[PDB]
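Only one chain comes next, encoded as structure tokens, the form deposited without the named molecule.
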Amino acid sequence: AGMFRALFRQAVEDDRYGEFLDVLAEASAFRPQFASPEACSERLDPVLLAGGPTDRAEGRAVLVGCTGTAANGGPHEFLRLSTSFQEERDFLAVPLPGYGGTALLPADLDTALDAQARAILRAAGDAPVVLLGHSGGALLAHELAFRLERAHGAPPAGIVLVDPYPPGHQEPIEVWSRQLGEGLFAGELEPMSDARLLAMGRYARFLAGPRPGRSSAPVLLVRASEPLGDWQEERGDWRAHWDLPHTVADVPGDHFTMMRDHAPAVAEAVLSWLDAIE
């Protein structure tokens, strides 16, 4: 119903997705923000979408889902996936500050990361943590991992990057900008208000900036095996990418479906990798 949503839907139809994201990023600068993690206007209390075994709880790594940037998204993007972890691993999902307008936006990415970090650290206690993220959420998972390591002196035991397209390897995202945009108008996990579209724009901007910090935690790179649209392989690889991953796993489905009807395949790869890492 909001004007930003109408403008955006029109932009996607006109193949100007990227161009409009810049507008959202520019517009978000006028939204009230929180400059310190304490000022965050929301309880980032991680939701335990899945509970692990009751017998062995000492030392086993817990999974923490890092909510992505989708304006129509939320922590439940991990619901389907978490199913496979019931009785296997504790699966927590942490909201992304500034979403679900009365929610203050983070002044910068680091502030949002510290807010999540504190919520995660208290929720995990002394159990090893393995961050997991999808698409934009994958980039955030890594950024958060490095933040925990460098700024909080608490590095996660590992990072699960599901279909990440980091700076320098985003030609596919550009070529498939339309299907990605249309993906934001399919359904919604939370009402996709103009406020949320602004949050997404701000985070898209944050994630485009230079972030030299590289986490020392091992990485499991999970990749979709079905292309989202036509690609012409002469351009190079359309698949997700990450430097020096510890393990790589190709799964059924495309960028979206890999986390839906094919989520069990992702969970399987993650469960095998966790056993290998521990």
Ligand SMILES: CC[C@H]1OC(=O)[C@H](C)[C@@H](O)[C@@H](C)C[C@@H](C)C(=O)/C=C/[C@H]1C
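Position 1 is the first residue in the sequence shown; the rest follow in order. If you superpose the two forms and keep the largest set of C-alpha atoms that fall within 1.5 Å, you have the rigid core.
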property	result
More variable segment, 205-213 or 63-71 [Cα RMS over structures in 5 other deposited structures of this protein, core-superposed]	205-213
Outlying stretch relative to shown form, 228-236 versus 243-251 in 5 other deposited structures of this protein, C-alpha RMS (core)	228-236
Unmodelled in at least a third of other entries of this protein, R56	yes
Gap size between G101 and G100, counted in deposited residues that the entry leaves unmodelled	4 to 9
Comparing 160-168 with 115-123, the one whose average Cα B-factor in the PDB entry is higher	115-123
Comparing 47-55 with 247-255, the one whose average Cα B-factor in the PDB entry is higher	47-55
Identity of residue with top Cα B-factor, from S36, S225, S28, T67	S36
From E174, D110, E77, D194, residue of greatest CA B-factor	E174
Third of chain Cα B-factors occupied by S215	lowest
Third of the chain, ranked by Cα B-factor, where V62 sits	middle
Chain third (lowest, middle, highest) by recorded CA B-factor, residue given as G153	middle
Among modelled residues of the same chain, the CA temperature factor third for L184	highest
Chain third (lowest, middle, highest) by recorded CA B-factor, residue given as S82	middle
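The following text describes the form solved in complex with the named molecule, which does not appear among the structures shown.
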{"property": "Segment assignment from 112-120, 79-87, 188-196, 135-143: heavy atom within 4.5 Å of the named molecule in the entry with it bound", "result": "135-143"}
{"property": "Residue among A107, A127, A151, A208 with a heavy atom within 4.5 Å of the named molecule in the entry with it bound", "result": "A208"}
{"property": "Contact label in the entry with it bound: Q33 to the named molecule, heavy atom within 4.5 Å", "result": "no"}
{"property": "The named molecule contact in the entry with it bound: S28, any heavy atom under 4.5 Å", "result": "no"}
{"property": "Partner proximity in the entry with it bound: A204 to the named molecule, non-hydrogen atom cutoff 4.5 Å", "result": "yes"}
{"property": "Contact of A103 with the named molecule in the entry with it bound (heavy atom, 4.5 Å)", "result": "no"}
{"property": "Within 14-29, the residues that have a heavy atom no more than 4.5 Å from the named molecule in the entry with it bound", "result": "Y17, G18, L21"}
